[PDB]
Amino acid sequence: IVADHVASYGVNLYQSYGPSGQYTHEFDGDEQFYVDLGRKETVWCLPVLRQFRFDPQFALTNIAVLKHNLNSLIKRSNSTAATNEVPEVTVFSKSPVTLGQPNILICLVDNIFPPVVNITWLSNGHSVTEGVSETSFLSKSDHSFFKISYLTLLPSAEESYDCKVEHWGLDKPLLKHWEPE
């Protein structure tokens, strides 16, 4: 329970909704890599970690075992569905806000369960498609999840930003506003 460094080799996820799956390796709460099950390739998050070569076959086989284990547990639990939890959404900047200087907007969505969420950025009502990137579903101690969404910015006084989070646990889509001040 208590250790200097905590690592996960790896975080194996499979749900009957898609059916979608996820395979990642974590170190001190940070995602080392994610395996693209469709393209059959390992995608690293750090440039120094790219010197190693993780076989994508490892993830595909683990998903096949997790597919077999999920179906066996539905039959055993008499179809016990996952409880939809209310997610916690918070929006903040990566560095101190300076108008005209590049910055990154971060939308932290905590306590996500089941791991099915749509995170979209909106600028003064208009949906943003340019300069967006999202991390994989990062595991938690209470076996829940958290996702982080990024937005490349050039802050302006008249430009307002909102983070639209779509989850079943929420009654209506949650929008967290960000003002450069």
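All residue numbers refer to positions in the sequence shown, first residue = 1.
The mean C-alpha temperature factor is higher for 118-126 when 133-141 and 118-126 are set side by side. Between 145-153 and 66-74, it is 66-74 that carries the larger average Cα temperature factor according to the deposited entry. Per the deposited record, the Cα B-factor of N12 falls in the lowest third when ranked against the other modelled residues of its chain. Annotation for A3: C-alpha temperature factor in the middle third relative to the rest of the modelled chain, per the entry. When all modelled residues of the chain are sorted by CA temperature factor, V97 is found within the middle third.
In the PDB entry, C107 places in the middle third of its chain by CA B-factor. For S20, the recorded CA B-factor ranks within the middle third of the chain. Only modelled residues enter the ranking.
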